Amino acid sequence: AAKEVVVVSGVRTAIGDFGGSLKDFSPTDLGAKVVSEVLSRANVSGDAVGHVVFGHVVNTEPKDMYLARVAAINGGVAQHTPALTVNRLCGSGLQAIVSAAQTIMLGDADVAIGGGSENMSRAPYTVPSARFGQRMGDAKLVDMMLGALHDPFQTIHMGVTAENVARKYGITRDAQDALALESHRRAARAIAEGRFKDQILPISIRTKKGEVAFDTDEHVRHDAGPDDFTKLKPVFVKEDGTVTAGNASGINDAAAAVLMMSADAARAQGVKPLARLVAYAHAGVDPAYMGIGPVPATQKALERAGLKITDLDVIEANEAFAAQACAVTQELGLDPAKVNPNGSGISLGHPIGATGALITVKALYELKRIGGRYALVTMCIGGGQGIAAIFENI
């Protein structure tokens, strides 16, 4: 059978706004920071890592094509450790954790790091006609960030597919704005109570007034009221719209990682771990309805884990859009109180490549806060996919 996978430690950066506090920090620099910190938290030497896998979507510079390896080397991992970068769009952060856990499951490693890093502020523009020239006539600089946010089959913004899901699953504008407001209020309460303090790695963000610590998710609106969302206009469709900038996730920069070990290696070392991996699952859906990808994925994961929806104490389902997050919770029969108890993409931000690993850290630290047992981590994926994993607090 497959070896049991133990998550011993995890960390994330605070989530920077588009063009915000982390705009000057490359994805490989952010990746290396979290790599070094999860090693310290796990009490694991950099020379004892079997594998490193990182999620990452939008290459910002040539270094990013070496992202996992640069994060590992510059994070203190010995050069004998293999490093892999994976891209499953917004599921990449969780895919990296799954892929790294697979090396432990199959016996290829006893220690593996899974994380994700993304800086969308530094997303580049490309010039397709630069290498061989344009000769005559205007050309274009292609926004690679917005291009990533476009379905590659119908060439529509991800927000259009959110309208398809809202229309198909009866998600009203009022319901979307209700989730968006509650998300900000939840994240604001978490920040005020310090629920993220232990899981966040402060970053010193060199300013002209001196070095200041960036350690709080800056997308959150702490004074949000219902009218703040009702006044906004739809942004992705010109007719019968419901998805606004207020009930859509943000564009952000961040990194996160977890350190995993085989159960035997965790016993022998005597670590006090966060959680163990129970199961994971994938799913594909209609690209035009990608927002409900988490629904099947989550159903297969519960089947694999032999669990039910009522057994989930904590649920981290990324709020890409309130339109799809409502449909996901509605289709699975989840309790909105247990789903994203401290906010999510709408309030804290959506650093696409790192989100999957970022909200895994959130789920595991929330289990420790409430003494819960099981946590579900799931998110939708552009192109029409879903990914889900279940962890057990131990």
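Heads up: residue numbers just count along the shown sequence, starting at 1.
Checklist entry - Mean CA B-factor: is it higher for 131-139 or for 201-209? => result Stretch with the greater average CA B-factor: 201-209.
Checklist entry - Which has higher Cα B-factors on average according to the PDB entry: 192-200 or 92-100? => result Mean CA B-factor is higher for 192-200.
Checklist entry - Taking the values straight from the PDB record, which of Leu181, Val86, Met120, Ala255 has the highest C-alpha temperature factor? => result The listed residue with the largest C-alpha B-factor is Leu181.
Checklist entry - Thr360's Cα B-factor: lowest, middle or highest third of the chain? => result Lowest third - that is where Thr360 ends up once the chain's C-alpha B-factors are sorted.
Checklist entry - Split the chain's modelled residues into thirds by Cα B-factor; is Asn43 in the lowest, middle or highest one? => result Ranked within chain, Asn43 CA B lands in the highest tercile.
Checklist entry - Based on the entry's values, in what third of the chain does the Cα temperature factor of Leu146 lie: lowest, middle or highest? => result Its C-alpha B-factor belongs to the middle third of this chain's values.
Item to check | Relative C-alpha B-factor of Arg373, binned into the chain's lowest, middle or highest third | outcome: Highest third.
Checklist entry - Based on the entry's values, in what third of the chain does the Cα temperature factor of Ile390 lie: lowest, middle or highest? => result Within its chain, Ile390 is a lowest-third residue by C-alpha B-factor, going by the deposited values.
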